[PDB]
Ligand SMILES: O=P(O)(O)C(O)(Cc1cccnc1)P(=O)(O)O
Ligand SMILES: O=P(O)(O)C(O)(Cc1cccnc1)P(=O)(O)O
Ligand SMILES: C=C(C)CCOP(=O)(O)OP(=O)(O)O
Ligand SMILES: C=C(C)CCOP(=O)(O)OP(=O)(O)O
Ligand SMILES: [Mg+2]
Ligand SMILES: [Mg+2]
Ligand SMILES: [Mg+2]
Ligand SMILES: [Mg+2]
Ligand SMILES: [Mg+2]
Ligand SMILES: [Mg+2]
């Protein structure tokens, strides 16, 4: 049922590539196809599926014609492309090794830093699909501005993420709960959680500022939880399941884990963290992981996950109306107690 | 008069930064200001000035109110930002050392590959300025789509540029006039020449497909000449004037110079080019430069420049109407016989 919905969405990718890859310029188009095939496939497709599922739940079935449904999974694929663009660039800036069970696109021999332009192409494909399928719709401009604003919000979050994580500089003093909340709100919460539901809302004709603000209250909080889970999985997740190798400790990141470590550490443990964090040495990384386990941070995360799920459920009860609670409940079911 | 126009446009940059850089998120905004100050200033401002000059020449002066003029130099600064975004990324992918008389932004200690996200921020600022100043104008959507399409065209050209220039692989067979024309049309001609004039045209209410197609005929040809001049300057330009160190030979680029070399080379000279092109060794680079001089390529360029200027002038006579010829003549005067 949920895997059947996933299969139906993935089966539309062949048409997405086809319409995007329709002279000497043919070699560039062939490279775009390779870029699309490598970087837009292999994930969970939760964002793209959220557009499709929310649209169906928000639009009267007698208004869900063949062209309307096609626009909905096209916009779903635009959200996947936005995610693909940010991940290709993020893997370069985070010096990552693997993504979605395979070597990072930039790590491929013959790709390297050309992946910067490939990431820009993925971003360009969003607006090509919006023009091709939604140009005559009343929500066209609302969708363009939403994808543009979501990109700006993500980039500002990425800036905060990279600034708080300087290579070669100890930045323990900046690893506060307040800084953490700000980074994750902008780098992840806006584009991974608000964007898919707000896109389906605009397509359903729900353009009201108050309805978008109420949806935002639930979704930004859901996004914060999702990034916290991502930070936990960076170190304590199974790479065969997650499809990626963690780098947060080596990269001196303001991870949820380092924030929690600092709140619980003795002065002796603070020194261990200071001497071993944000460095390439495997033994220094192993020393930080041992400290996190000593401070029962996996147990602290399990308790956080329980408290956060109840909080998000309380926000759904307060702010879902007049939207069907299932719109938010479906997405919460998908991400809570997730190990991928 | 022309330098006075330049000074007037540059004097608006302080307001552009101010409105773009208006919580923990303040550190990211401070980084955006640094990114804007470093990368949007130091050039010739020909693209931004073209928007301002063309708008004034296309709009009736009794319709050029204070807000209308402000929108025109704002859109001029959007074109400068588009240029800044592509240059920050291009300098990483081309392994460049200097730009606009200073070290490339990514070469700065403490910047590095974080410059990828900085380049994305510059791109985001275009749509922030368009929303802030042109959202209520009838040409708002035409401007958004024009900047989005110009970016896609540039990125597809960049893809062709990088594909024809593989590191560690001889690609002499692909350095044809046909391939060269395709690369430069997409990577430079569309966004550096069509984009500024088409933006001013849309702001003047000139949205007709036929008028935009005629303008495009002149401007894409002007853009091809401009890229040819850029390729000539990469090797034979004065770096104190150009503000940048050439890398085309080391980067195995499909430069206009290598295309002309291949058309004139004997089998003995073809071998010298094959053994020495696309490599880091300074003596191999010096050997290629000696071959170009032996084949009188600076004289071939001077003759090309004369023939091209006459051709572009013939295109202005055929396609300028009903637009004032001065719109195209001003831009042609600015770029012809340029050494910067
Ligand atoms: O997949 P990743 O690399 O763990 C991540 O979530 C990717 C990402 C990229 C851009 C914005 N938000 C998340 P990160 O933040 O680098 O921890
Ligand atoms: O300024 P540059 O680096 O000489 C150049 O013109 C810059 C550039 C970047 C993107 C598109 N067009 C030109 P390039 O093409 O790399 O020779
Ligand atoms: C914004 C986040 C935290 C990055 C990864 O998102 P996902 O975990 O949803 O990765 P994919 O399913 O798209 O592969
Ligand atoms: C698209 C081209 C060939 C790259 C440089 O353009 P400019 O020579 O106009 O550089 P700036 O004036 O903006 O510094
Ligand atoms: Mg990462
Ligand atoms: Mg990251
Ligand atoms: Mg992570
Ligand atoms: Mg370059
Ligand atoms: Mg280049
Ligand atoms: Mg050049």
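Swiss-Prot numbering applies to chain B: residues 75-96, 102-419, in that order.
Note that Cβ sites are derived from N, Cα and C of the backbone, with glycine treated the same way.
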Original post:
Here are some residues: B:80, B:123, B:257, B:363. Which is flagged as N6-acetyllysine in Swiss-Prot?
Top reply: B:123
Subject >> Residue from B:92, B:141, B:179 that Swiss-Prot also lists as binding isopentenyl diphosphate with B:123, B:126, B:162 >> reply: B:179
Original post:
Based on the annotations in Swiss-Prot, which residue of B:142, B:260, B:332, B:353 is described as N6-acetyllysine?
Top reply: B:353
Original post:
Which of these, B:150, B:178, B:418, does Swiss-Prot list as part of the dimethylallyl diphosphate site with B:266, B:267, B:306, B:323, B:332?
Top reply: B:178
**OP:** Enumerate the residues of the same chain, B:123, B:126, B:162, B:179 excluded, that satisfy the criterion Cβ within 8 A of the mean position of the Cβ atoms of the recorded isopentenyl diphosphate site; list them in sequence order.
**Re:** B:122, B:124, B:125, B:127, B:159, B:163, B:166
Subject >> From recorded positions B:162, B:179, B:353, the one whose Cα lies nearest residue B:267 (dimethylallyl diphosphate binding site) >> reply: B:162
Subject >> Per DSSP, three-state class assigned to residue B:178 (dimethylallyl diphosphate binding site) >> reply: strand
**OP:** Output: those recorded positions from B:162, B:165, B:169, B:179, B:306 whose CB lies less than 6 Å from an atom of ligand 2, in sequence order; none if no residue fits.
**Re:** B:165, B:169
Original post:
Counting across all protein chains shown, how many other Cβ atoms sit within 10 Å of the Cβ of residue B:173 (Mg(2+) 1 binding site)?
Top reply: 22
Original post:
Just counting, how many other CB atoms are there within 10 A of the CB of residue B:332 (dimethylallyl diphosphate binding site)?
Top reply: 24
